[PDB]
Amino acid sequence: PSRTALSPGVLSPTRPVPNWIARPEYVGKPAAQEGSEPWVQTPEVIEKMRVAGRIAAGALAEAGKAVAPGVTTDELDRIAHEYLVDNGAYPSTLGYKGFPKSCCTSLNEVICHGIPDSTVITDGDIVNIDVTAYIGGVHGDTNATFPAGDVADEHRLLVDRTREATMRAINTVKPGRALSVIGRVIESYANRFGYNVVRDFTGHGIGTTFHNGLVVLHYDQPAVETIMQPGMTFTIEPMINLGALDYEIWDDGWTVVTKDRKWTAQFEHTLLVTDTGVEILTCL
């Protein structure tokens, strides 16, 4: 047996960031200045995005190595926070629209945007950790779902097939292809197993802003006319549900849970379209 439905816990105090680490503009504001930026980046921005992506990937991998029964989601956030700050990076989630932590931790039926707290991971859980770094005036965003202890076959397979969907989508990225191929590939692959691909949450362009106004759908919708071009940078971050797509948001305003409490899995990378194909910016 796996655990039953989650409830929110208590947050630790806000984690500080040394003042020499520049903040994104939206920290200490209610909204963010984003959504109207160009989608193709300049070579100088891309170079800085490789640095931000590698730091985010290191923070994700170090917090993922900690995932085990008995560990809290707050302890994962401490590891991610300290990794970013030791690397001179600001955690992009911290203070975005008042989000109180440095990464998102989404167990089990939480589709996304779970808030690190006193929740104890236990055997059988699947734990998504989502970390974004802001350094050099740019962002790098990545996430992965990690098993804790011996995960039930249905849940294990959900995670492994969501990772495979994500990688198949990434491997479609090439200049001249329609962006809509990403969602066509993910949803065709997920529908082999009877899973439902989340529609209301999406990938996005990313650069000097976190969510730059480019939207990447993870379901099939061939009427989008956007083409991938060299220098475009965006995330692929599909959420895939065992159950229905209906969802609820907790009173914290962030945590999104499936209404049927069936589990859900996600993986994410920040990608660059190159002249011949794709480059994963959020790799070690």
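A residue's number is simply how far along the shown sequence it sits, counting from 1.
Annotation for 43 to 51 versus 246 to 254: the higher mean temperature factor (C-alpha) is found in 246 to 254. Mean CA B-factor, 156 to 164 versus 205 to 213: the higher value falls on 156 to 164. Comparing C-alpha B-factors across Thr142, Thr105, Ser92, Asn191 in the deposited entry, the largest value falls on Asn191. For the set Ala133, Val151, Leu179, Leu76, the PDB entry puts the maximum C-alpha B factor at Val151. Ranked against the other modelled residues of its chain, the C-alpha B-factor of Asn128 as given in the entry falls in the lowest third. Residue-level temperature factors show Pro69 in the middle third of its chain, judged at the C-alpha atom.
Remark: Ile236 belongs to the lowest third of its chain, ranked by C-alpha B-factor as recorded.
Remark: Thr264 belongs to the middle third of its chain, ranked by C-alpha B-factor as recorded.
Ranked within its chain, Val273 lands in the middle third, by CA B factor from the PDB record.
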